[PDB]
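File shown: model-v7.tsv (TSV, C-alpha atoms).
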chain	number	residue	atom	x	y	z
A	28	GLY	CA	9.40	19.39	-8.06
A	29	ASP	CA	6.83	16.63	-7.60
A	30	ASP	CA	6.55	15.48	-11.23
A	31	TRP	CA	8.40	12.22	-10.53
A	32	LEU	CA	5.71	11.29	-8.00
A	33	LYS	CA	2.80	12.16	-10.30
A	34	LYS	CA	4.17	10.24	-13.28
A	35	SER	CA	5.10	7.26	-11.12
A	36	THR	CA	1.58	7.15	-9.70
A	37	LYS	CA	0.07	7.33	-13.21
A	38	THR	CA	2.28	4.45	-14.29
A	39	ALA	CA	1.39	2.42	-11.21
A	40	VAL	CA	-2.32	2.85	-11.90
A	41	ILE	CA	-1.87	1.63	-15.49
A	42	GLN	CA	0.18	-1.37	-14.36
A	43	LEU	CA	-2.38	-2.36	-11.72
A	44	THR	CA	-5.25	-1.89	-14.17
A	45	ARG	CA	-3.61	-4.26	-16.65
A	46	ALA	CA	-2.55	-6.73	-13.93
A	47	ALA	CA	-6.09	-7.01	-12.54
A	48	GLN	CA	-7.43	-7.57	-16.10
A	49	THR	CA	-4.83	-10.26	-16.77
A	50	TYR	CA	-4.39	-12.35	-13.59
A	51	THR	CA	-7.10	-14.44	-11.93
A	52	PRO	CA	-8.29	-13.85	-8.35
A	53	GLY	CA	-6.83	-16.54	-6.10
A	54	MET	CA	-3.70	-16.90	-8.26
A	55	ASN	CA	-1.90	-13.66	-7.56
A	56	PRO	CA	1.14	-12.41	-9.46
A	57	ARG	CA	4.30	-12.94	-7.39
A	58	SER	CA	7.48	-12.60	-9.46
A	59	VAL	CA	8.94	-13.15	-12.93
A	60	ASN	CA	10.78	-16.42	-13.63
A	61	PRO	CA	14.16	-16.52	-15.45
A	62	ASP	CA	12.27	-17.63	-18.60
A	63	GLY	CA	10.02	-14.55	-18.49
A	64	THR	CA	6.85	-16.31	-17.29
A	65	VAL	CA	5.00	-15.20	-14.16
A	66	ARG	CA	5.23	-17.10	-10.87
A	67	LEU	CA	1.78	-17.11	-9.26
A	68	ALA	CA	0.85	-17.13	-5.56
A	69	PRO	CA	-2.16	-19.32	-4.64
A	70	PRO	CA	-3.86	-18.79	-1.25
A	71	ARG	CA	-1.28	-20.92	0.62
A	72	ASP	CA	1.61	-18.74	-0.61
A	73	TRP	CA	2.95	-16.24	1.94
A	74	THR	CA	2.98	-13.44	-0.64
A	75	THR	CA	-0.57	-14.00	-1.86
A	76	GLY	CA	-2.10	-11.02	0.00
A	77	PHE	CA	0.25	-8.39	-1.42
A	78	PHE	CA	-1.34	-7.92	-4.88
A	79	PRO	CA	-4.86	-7.22	-3.56
A	80	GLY	CA	-3.24	-4.90	-0.99
A	81	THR	CA	-1.44	-3.06	-3.79
A	82	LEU	CA	-4.76	-2.66	-5.58
A	83	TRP	CA	-6.24	-1.05	-2.44
A	84	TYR	CA	-3.28	1.33	-2.30
A	85	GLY	CA	-3.62	2.12	-6.02
A	86	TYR	CA	-7.27	2.97	-5.34
A	87	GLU	CA	-6.34	5.23	-2.42
A	88	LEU	CA	-3.73	7.10	-4.45
A	89	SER	CA	-5.84	7.57	-7.55
A	90	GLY	CA	-9.51	7.44	-6.55
A	91	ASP	CA	-9.99	5.08	-9.48
A	92	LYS	CA	-13.19	3.17	-8.74
A	93	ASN	CA	-12.14	0.36	-11.06
A	94	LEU	CA	-9.15	-0.35	-8.81
A	95	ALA	CA	-11.47	-0.58	-5.78
A	96	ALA	CA	-13.65	-3.08	-7.66
A	97	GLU	CA	-10.60	-5.13	-8.64
A	98	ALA	CA	-9.24	-4.95	-5.09
A	99	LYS	CA	-12.53	-6.41	-3.82
A	100	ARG	CA	-12.41	-9.30	-6.36
A	101	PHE	CA	-8.78	-10.19	-5.62
A	102	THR	CA	-9.33	-9.85	-1.84
A	103	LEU	CA	-12.41	-12.07	-1.55
A	104	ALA	CA	-10.66	-14.88	-3.43
A	105	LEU	CA	-8.46	-15.27	-0.32
A	106	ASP	CA	-11.32	-16.29	2.02
A	107	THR	CA	-9.75	-19.71	2.78
A	108	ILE	CA	-6.77	-18.11	4.52
A	109	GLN	CA	-8.96	-17.48	7.58
A	110	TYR	CA	-8.63	-21.22	8.35
A	111	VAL	CA	-4.82	-21.42	8.07
A	112	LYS	CA	-3.04	-22.33	11.32
A	113	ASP	CA	0.54	-23.22	10.39
A	114	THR	CA	2.19	-19.83	9.87
A	115	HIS	CA	2.88	-16.38	11.29
A	116	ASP	CA	2.35	-14.94	7.78
A	117	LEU	CA	-1.39	-14.33	8.30
A	118	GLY	CA	-0.52	-10.64	8.67
A	119	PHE	CA	1.05	-10.40	5.21
A	120	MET	CA	-1.66	-12.67	3.76
A	121	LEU	CA	-4.92	-11.46	5.37
A	122	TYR	CA	-4.06	-8.13	6.94
A	123	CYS	CA	-2.53	-6.72	3.70
A	124	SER	CA	-5.61	-7.84	1.77
A	125	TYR	CA	-8.73	-8.02	3.95
A	126	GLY	CA	-7.20	-5.60	6.48
A	127	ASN	CA	-6.76	-2.86	3.91
A	128	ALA	CA	-10.15	-3.72	2.41
A	129	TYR	CA	-11.92	-3.24	5.74
A	130	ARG	CA	-10.01	-0.04	6.53
A	131	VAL	CA	-10.80	1.49	3.14
A	132	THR	CA	-14.46	0.41	2.79
A	133	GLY	CA	-15.77	-0.43	6.28
A	134	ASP	CA	-17.70	-3.27	4.59
A	135	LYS	CA	-18.60	-6.04	7.02
A	136	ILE	CA	-17.96	-8.74	4.41
A	137	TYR	CA	-14.27	-8.36	5.31
A	138	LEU	CA	-14.64	-8.59	9.08
A	139	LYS	CA	-15.27	-12.22	10.02
A	140	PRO	CA	-12.30	-13.56	8.00
A	141	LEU	CA	-10.14	-10.98	9.80
A	142	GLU	CA	-11.43	-12.10	13.19
A	143	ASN	CA	-10.88	-15.79	12.42
A	144	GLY	CA	-7.36	-15.11	11.07
A	145	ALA	CA	-6.40	-13.12	14.14
A	146	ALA	CA	-7.39	-15.93	16.50
A	147	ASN	CA	-5.23	-18.32	14.46
A	148	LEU	CA	-2.27	-15.95	14.55
A	149	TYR	CA	-2.60	-15.44	18.29
A	150	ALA	CA	-2.77	-19.24	18.78
A	151	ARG	CA	0.86	-19.36	17.58
A	152	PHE	CA	2.07	-17.13	20.43
A	153	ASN	CA	3.79	-19.13	23.15
A	154	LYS	CA	3.52	-17.54	26.58
A	155	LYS	CA	6.68	-19.23	27.91
A	156	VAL	CA	8.83	-18.04	25.00
A	157	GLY	CA	7.17	-14.62	24.76
A	158	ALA	CA	6.89	-14.86	20.94
A	159	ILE	CA	4.86	-16.14	18.01
A	160	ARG	CA	6.32	-19.29	16.44
A	161	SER	CA	7.04	-18.31	12.83
A	162	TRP	CA	6.78	-21.76	11.27
A	163	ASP	CA	6.29	-25.42	11.98
A	164	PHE	CA	8.58	-27.10	9.46
A	165	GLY	CA	12.22	-28.07	9.78
A	166	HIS	CA	14.42	-29.02	12.71
A	167	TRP	CA	13.99	-25.97	14.97
A	168	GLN	CA	12.18	-26.40	18.23
A	169	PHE	CA	10.74	-22.90	17.99
A	170	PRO	CA	11.98	-20.66	15.19
A	171	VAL	CA	11.19	-16.94	15.16
A	172	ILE	CA	12.20	-14.86	12.15
A	173	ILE	CA	12.72	-11.10	12.00
A	174	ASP	CA	9.94	-10.90	9.33
A	175	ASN	CA	7.46	-11.95	12.09
A	176	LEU	CA	7.59	-8.32	13.38
A	177	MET	CA	5.52	-7.31	10.34
A	178	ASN	CA	2.79	-9.80	11.23
A	179	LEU	CA	2.31	-8.08	14.62
A	180	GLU	CA	0.42	-5.19	12.98
A	181	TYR	CA	-2.53	-7.53	12.38
A	182	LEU	CA	-2.69	-8.46	16.08
A	183	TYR	CA	-2.35	-4.90	17.39
A	184	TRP	CA	-5.29	-3.94	15.18
A	185	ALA	CA	-7.35	-7.05	15.98
A	186	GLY	CA	-6.76	-6.84	19.74
A	187	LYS	CA	-8.37	-3.40	19.70
A	188	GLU	CA	-11.10	-4.12	17.11
A	189	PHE	CA	-12.34	-7.29	18.85
A	190	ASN	CA	-11.71	-6.30	22.48
A	191	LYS	CA	-9.05	-8.97	22.94
A	192	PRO	CA	-6.35	-7.37	25.11
A	193	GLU	CA	-4.36	-10.64	25.21
A	194	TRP	CA	-3.99	-10.47	21.42
A	195	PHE	CA	-2.65	-6.93	21.62
A	196	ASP	CA	-0.42	-7.79	24.59
A	197	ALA	CA	0.93	-10.87	22.80
A	198	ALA	CA	2.01	-8.76	19.82
A	199	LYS	CA	3.68	-6.26	22.14
A	200	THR	CA	5.44	-9.06	24.05
A	201	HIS	CA	6.72	-10.53	20.77
A	202	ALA	CA	8.20	-7.12	19.86
A	203	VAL	CA	9.89	-6.84	23.27
A	204	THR	CA	11.32	-10.38	23.15
A	205	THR	CA	12.58	-9.79	19.58
A	206	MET	CA	14.06	-6.46	20.57
A	207	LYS	CA	16.30	-8.27	23.05
A	208	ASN	CA	17.20	-11.43	21.14
A	209	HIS	CA	17.19	-10.65	17.42
A	210	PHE	CA	19.64	-7.71	17.64
A	211	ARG	CA	23.40	-7.58	17.80
A	212	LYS	CA	25.24	-4.82	19.70
A	213	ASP	CA	25.53	-2.73	16.53
A	214	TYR	CA	21.71	-2.91	16.03
A	215	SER	CA	22.01	-5.22	13.05
A	216	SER	CA	19.57	-8.11	13.22
A	217	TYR	CA	19.83	-11.89	12.88
A	218	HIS	CA	17.32	-13.61	10.64
A	219	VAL	CA	16.30	-16.55	12.88
A	220	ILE	CA	16.34	-16.97	16.62
A	221	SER	CA	15.49	-20.47	17.82
A	222	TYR	CA	14.06	-20.82	21.32
A	223	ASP	CA	13.51	-23.54	23.89
A	224	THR	CA	9.73	-23.96	24.02
A	225	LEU	CA	9.66	-24.66	27.75
A	226	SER	CA	12.35	-22.36	29.18
A	227	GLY	CA	12.18	-19.60	26.58
A	228	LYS	CA	15.97	-19.56	26.41
A	229	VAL	CA	17.71	-18.74	23.14
A	230	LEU	CA	19.19	-21.89	21.61
A	231	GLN	CA	20.49	-20.66	18.23
A	232	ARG	CA	21.04	-17.40	16.34
A	233	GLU	CA	21.32	-17.92	12.60
A	234	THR	CA	20.52	-16.75	9.10
A	235	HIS	CA	17.99	-18.14	6.68
A	236	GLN	CA	18.01	-15.76	3.70
A	237	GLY	CA	21.15	-13.72	4.38
A	238	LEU	CA	24.80	-14.27	3.58
A	239	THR	CA	25.86	-15.81	6.93
A	240	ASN	CA	24.68	-16.25	10.51
A	241	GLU	CA	26.59	-13.05	11.36
A	242	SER	CA	25.35	-10.98	8.44
A	243	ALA	CA	22.85	-8.16	7.90
A	244	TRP	CA	20.35	-9.48	5.37
A	245	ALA	CA	18.96	-6.24	3.88
A	246	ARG	CA	15.24	-7.04	3.77
A	247	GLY	CA	15.57	-8.37	7.32
A	248	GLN	CA	17.09	-5.10	8.48
A	249	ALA	CA	14.15	-3.35	6.77
A	250	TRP	CA	11.55	-5.59	8.49
A	251	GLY	CA	13.19	-4.68	11.83
A	252	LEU	CA	13.09	-0.94	11.15
A	253	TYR	CA	9.49	-1.13	9.98
A	254	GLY	CA	8.49	-3.51	12.80
A	255	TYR	CA	9.58	-1.03	15.51
A	256	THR	CA	8.25	2.06	13.72
A	257	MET	CA	4.85	0.33	13.39
A	258	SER	CA	4.99	-1.08	16.96
A	259	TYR	CA	5.58	2.46	18.22
A	260	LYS	CA	2.65	3.75	16.14
A	261	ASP	CA	0.34	1.07	17.52
A	262	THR	CA	1.46	0.94	21.20
A	263	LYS	CA	3.12	4.32	21.85
A	264	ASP	CA	5.83	2.59	23.89
A	265	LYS	CA	8.88	4.85	23.63
A	266	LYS	CA	11.25	1.86	23.83
A	267	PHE	CA	10.13	0.95	20.31
A	268	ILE	CA	10.76	4.39	18.77
A	269	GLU	CA	14.18	4.54	20.44
A	270	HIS	CA	14.98	1.14	18.96
A	271	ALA	CA	13.68	2.25	15.55
A	272	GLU	CA	16.01	5.25	15.58
A	273	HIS	CA	19.01	3.05	16.46
A	274	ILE	CA	18.15	0.72	13.58
A	275	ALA	CA	17.64	3.68	11.25
A	276	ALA	CA	21.13	5.00	12.04
A	277	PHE	CA	22.72	1.58	11.49
A	278	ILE	CA	21.02	1.42	8.05
A	279	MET	CA	21.42	5.04	6.93
A	280	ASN	CA	25.05	5.40	8.00
A	281	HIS	CA	26.14	1.96	6.90
A	282	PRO	CA	29.46	1.91	4.98
A	283	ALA	CA	27.81	-0.46	2.47
A	284	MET	CA	24.72	1.69	1.88
A	285	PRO	CA	25.06	2.57	-1.83
A	286	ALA	CA	25.03	6.14	-3.11
A	287	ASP	CA	21.55	5.70	-4.63
A	288	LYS	CA	20.19	4.23	-1.34
A	289	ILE	CA	18.95	0.92	-2.75
A	290	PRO	CA	20.56	-1.63	-0.44
A	291	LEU	CA	22.74	-4.52	-1.49
A	292	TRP	CA	20.81	-7.72	-0.88
A	293	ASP	CA	22.98	-8.27	2.22
A	294	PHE	CA	24.95	-5.40	3.78
A	295	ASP	CA	27.98	-7.62	4.48
A	296	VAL	CA	28.86	-8.85	1.00
A	297	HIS	CA	32.41	-8.20	-0.09
A	298	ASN	CA	31.54	-7.15	-3.69
A	299	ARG	CA	29.76	-3.85	-3.11
A	300	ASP	CA	30.04	-2.52	-6.65
A	301	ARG	CA	28.51	-5.55	-8.37
A	302	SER	CA	26.32	-7.16	-5.70
A	303	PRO	CA	22.61	-7.44	-6.67
A	304	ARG	CA	20.42	-4.71	-5.12
A	305	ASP	CA	17.14	-5.44	-3.39
A	306	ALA	CA	14.45	-2.92	-4.27
A	307	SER	CA	11.98	-4.59	-1.84
A	308	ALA	CA	14.26	-3.74	1.10
A	309	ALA	CA	14.53	-0.13	-0.17
A	310	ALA	CA	10.73	0.18	-0.42
A	311	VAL	CA	10.17	-1.18	3.12
A	312	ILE	CA	12.85	1.17	4.46
A	313	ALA	CA	11.34	4.18	2.66
A	314	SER	CA	7.84	3.44	3.98
A	315	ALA	CA	9.14	2.98	7.53
A	316	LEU	CA	11.33	6.11	7.46
A	317	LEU	CA	8.37	8.21	6.33
A	318	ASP	CA	6.32	7.08	9.35
A	319	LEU	CA	9.38	7.47	11.60
A	320	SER	CA	9.82	11.04	10.35
A	321	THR	CA	6.35	11.94	11.72
A	322	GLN	CA	6.86	10.25	15.10
A	323	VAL	CA	10.23	11.62	16.23
A	324	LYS	CA	11.43	14.98	17.53
A	325	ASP	CA	13.37	15.96	14.41
A	326	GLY	CA	12.40	13.78	11.52
A	327	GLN	CA	13.80	15.65	8.51
A	328	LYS	CA	16.83	13.34	8.06
A	329	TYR	CA	14.47	10.35	7.87
A	330	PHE	CA	12.08	12.08	5.49
A	331	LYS	CA	14.94	13.17	3.20
A	332	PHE	CA	16.47	9.68	3.12
A	333	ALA	CA	13.09	8.14	2.24
A	334	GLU	CA	12.49	10.79	-0.42
A	335	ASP	CA	15.87	9.99	-2.00
A	336	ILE	CA	15.05	6.26	-2.04
A	337	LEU	CA	11.70	6.99	-3.66
A	338	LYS	CA	13.28	9.14	-6.35
A	339	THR	CA	15.63	6.24	-7.21
A	340	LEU	CA	12.84	3.65	-7.15
A	341	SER	CA	10.76	5.93	-9.41
A	342	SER	CA	13.54	6.36	-11.99
A	343	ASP	CA	13.80	4.40	-15.26
A	344	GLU	CA	16.25	2.00	-13.63
A	345	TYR	CA	13.64	0.75	-11.10
A	346	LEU	CA	10.18	1.74	-12.31
A	347	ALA	CA	8.69	-0.39	-15.10
A	348	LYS	CA	7.36	1.33	-18.21
A	349	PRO	CA	3.59	1.06	-18.71
A	350	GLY	CA	2.69	-2.32	-20.12
A	351	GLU	CA	6.08	-3.92	-19.40
A	352	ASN	CA	7.55	-6.07	-16.61
A	353	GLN	CA	4.51	-8.40	-16.59
A	354	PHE	CA	2.60	-5.43	-15.12
A	355	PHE	CA	4.65	-5.31	-11.93
A	356	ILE	CA	5.49	-1.78	-10.83
A	357	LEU	CA	9.16	-2.08	-9.69
A	358	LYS	CA	12.16	-4.08	-10.89
A	359	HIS	CA	15.26	-5.50	-9.16
A	360	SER	CA	14.27	-7.31	-5.96
A	361	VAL	CA	16.05	-10.38	-4.56
A	362	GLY	CA	14.00	-13.14	-2.92
A	363	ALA	CA	16.64	-15.59	-1.67
A	364	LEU	CA	20.00	-15.28	-3.38
A	365	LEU	CA	21.76	-18.25	-1.77
A	366	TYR	CA	18.84	-20.46	-2.89
A	367	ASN	CA	19.12	-19.17	-6.48
A	368	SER	CA	15.55	-17.97	-6.00
A	369	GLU	CA	13.97	-14.81	-7.40
A	370	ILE	CA	17.24	-13.01	-8.05
A	371	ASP	CA	16.78	-9.61	-9.74
A	372	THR	CA	13.03	-9.82	-10.44
A	373	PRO	CA	9.96	-7.80	-9.60
A	374	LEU	CA	8.23	-9.02	-6.44
A	375	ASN	CA	4.67	-8.32	-5.40
A	376	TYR	CA	5.67	-7.08	-1.93
A	377	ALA	CA	8.17	-4.57	-3.36
A	378	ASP	CA	5.23	-3.02	-5.20
A	379	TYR	CA	3.00	-3.07	-2.09
A	380	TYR	CA	5.51	-1.27	0.14
A	381	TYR	CA	6.45	1.12	-2.66
A	382	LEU	CA	2.86	2.29	-3.09
A	383	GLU	CA	2.50	2.45	0.71
A	384	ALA	CA	5.53	4.74	0.75
A	385	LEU	CA	4.11	6.91	-2.06
A	386	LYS	CA	0.86	7.28	-0.10
A	387	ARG	CA	2.76	8.23	3.10
A	388	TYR	CA	4.96	10.67	1.20
A	389	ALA	CA	2.01	12.31	-0.54
A	390	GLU	CA	0.17	12.64	2.79
A	391	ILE	CA	3.12	14.40	4.41
A	392	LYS	CA	3.57	16.75	1.45
A	393	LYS	CA	-0.21	17.18	0.94
A	394	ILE	CA	0.04	16.21	-2.71
A	395	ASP	CA	-3.18	15.30	-4.52
A	396	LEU	CA	-2.62	12.29	-6.80
A	397	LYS	CA	-6.27	11.60	-7.76
A	398	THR	CA	-6.82	10.74	-11.45
What does the file become when written as structure tokens?
Amino acid sequence: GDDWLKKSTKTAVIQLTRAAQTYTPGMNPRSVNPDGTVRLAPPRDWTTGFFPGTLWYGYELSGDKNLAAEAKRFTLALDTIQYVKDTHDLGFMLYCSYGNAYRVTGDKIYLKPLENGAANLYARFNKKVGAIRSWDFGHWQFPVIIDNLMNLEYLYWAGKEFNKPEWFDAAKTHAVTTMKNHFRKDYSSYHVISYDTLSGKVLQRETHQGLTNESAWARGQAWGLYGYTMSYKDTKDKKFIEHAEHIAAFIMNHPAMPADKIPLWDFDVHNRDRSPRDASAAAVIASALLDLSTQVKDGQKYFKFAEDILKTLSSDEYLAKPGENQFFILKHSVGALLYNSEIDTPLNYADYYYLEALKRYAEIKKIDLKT
């Protein structure tokens, strides 16, 4: 039956309603600190766009006009991000917020900030490397992280919306370059590839938030799966769907994939029974597998795996009770374990991708979740 989905949606709507009443636009809820207080994400924070995005998704699921009003308020507080030049994360920041806003409402107030942001994101693409530079800090000449695949969605959309084929082509080139260099022979991914800015040659292959340079950081594996599923959706290049299916098999068949399908924070840890799980990785995987299931020849195995993840995420173990968890929807994500950062806490992006997955699932099943 579908009762789990209906009650989870009801709970999500309550949580979002209370969150939007409690937090202040421009200081978005991010995670819960060890002392129980809430870590907030100002406009410079890479996660700042997720909460308004989650509000848009809550509105789409429920039809609740209050959630649309709150989504507008929390979105427009992020106006300054259209001037940010130093990061690939403009997709997570602006496209999850303003991008969803414009898709849902068609209101032109959202459009110019999107156009300005897209030009700034494209400016980070280096033609000689064939990729967007992820960040500007630290010792790397030209670091590109697996997470940067997610930020391509913004450019595919903007290239079409604004008649800027080089923006679209740059995103596609980034996906092709990453497909070659970020993946090991078993279809696991590295976190960071560092390039030579002039020659485009690979200089280093290393982790940032995983266990080791050689390891399979779970959220990174999820960003890869999603990145190629979405790149297929937006470009229709069969190389991307083939790559997505190879990644999906690596993930789904992995010896360290737990019975309940919520990944360990890194697939290569030795302590499988007691290793912290990462709900955010599970949510990203579920959302991606649902889209993959509609794109491929026989998608049932992908749909079923995503459904099983969603049932686990929607259980008492993962889904906050109404009014609890500082109004976050899910529990048990891991931000950066080796940094002692955000270990076993709700995270705003876990909630965003979880509601995205619920919306995709409900669309496939034709389930009405309107209040």
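With only C-alpha atoms as the atoms that count, the residue of A:266, A:170, A:363, A:385 with the shortest distance to residue A:247 is A:363.
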Protein and nucleic acid residues near (17.5, -18.0, 16.8) (cut-off 8 Å, all atoms listed in the file) as a PyMOL selection string: chain A and resi 170-172+208-209+217-222+229-233
If we count only C-alpha atoms, what is near residue A:89 at a cut-off of 6 Å, once residues fewer than 6 positions away on the same chain are taken out, given as a PDB file with C-alpha atoms, in the coordinates of the input?
ATOM      1  CA  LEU A 396      -2.620  12.290  -6.800  1.00  0.00           C
ATOM      2  CA  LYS A 397      -6.270  11.600  -7.760  1.00  0.00           C
ATOM      3  CA  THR A 398      -6.820  10.740 -11.450  1.00  0.00           C
TER       4      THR A 398
END
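For the pair atom CA of residue A:226 and atom CA of residue A:196, the separation is 19.9 Å.
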Residue A:181 environment, 12 Å, all atoms listed in the file, sequence neighbours closer than 5 positions dropped, as a VMD selection string: chain A and resid 115 to 127 141 to 149 175 to 176 186 to 189 194 to 195 197 to 199 254 257 to 258 261
Proximity to residue A:273 - best of A:290, A:90, A:303, A:251, only C-alpha atoms: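 For residue A:273, the nearest of the given residues is A:251.
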Coordinates-based distance that separates atom CA of residue A:307 from atom CA of residue A:320 (Å, one decimal):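 A separation of 19.9 Å between them.
Here atom CA of residue A:350 and atom CA of residue A:46 stand 9.2 Å from one another.
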Contacts of residue A:207 at 12 Å (all atoms listed in the file; same-chain gap of 6+ positions) as a PyMOL selection string: chain A and resi 157-158+173+200-201+214-217+220+228-229+266-267+270
Of the listed residues A:336, A:138, A:223, A:180, that which approaches residue A:156 most closely, counting all atoms listed in the file: A:223
Contact residues around stretch 291-296 of chain A with only C-alpha atoms at 7 Å, ignoring same-chain residues under 2 positions, as a list in words: residues 237, 238, 242, 243, 244, 245, 283, 289, 298, 299, 302, 303, 304, 305 and 361 of chain A
Residue nearest residue A:162 - candidates A:44, A:341, A:114, A:204, atoms counted: all atoms listed in the file: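 Comparing A:44, A:341, A:114, A:204 against residue A:162, the winner is A:114.
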Residue with smallest distance to residue A:57 - pool A:253, A:76, A:99, A:388, counting all atoms listed in the file: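 Under the stated criterion, the closest residue is A:76.
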Top pick for closest residue to residue A:102, considering A:75, A:281, A:85, A:28 and counting all atoms listed in the file: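 Among A:75, A:281, A:85, A:28, it is A:75 that comes nearest to residue A:102.
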Residue neighbourhood residue A:31, 12 Å, all atoms listed in the file, exclusion window fewer than 2 positions, as a ChimeraX atom specification: /A:28-29,33-38,334-335,337-343,346,385,389,396
With all atoms of stretch 312-330 of chain A from the file as input, state the centre and edge lengths in Å to one decimal of the axis-aligned box that has 4 Å extra on each side, as lines of an AutoDock Vina configuration file.
center_x = 11.6
center_y = 8.6
center_z = 10.1
size_x = 18.5
size_y = 22.8
size_z = 22.9
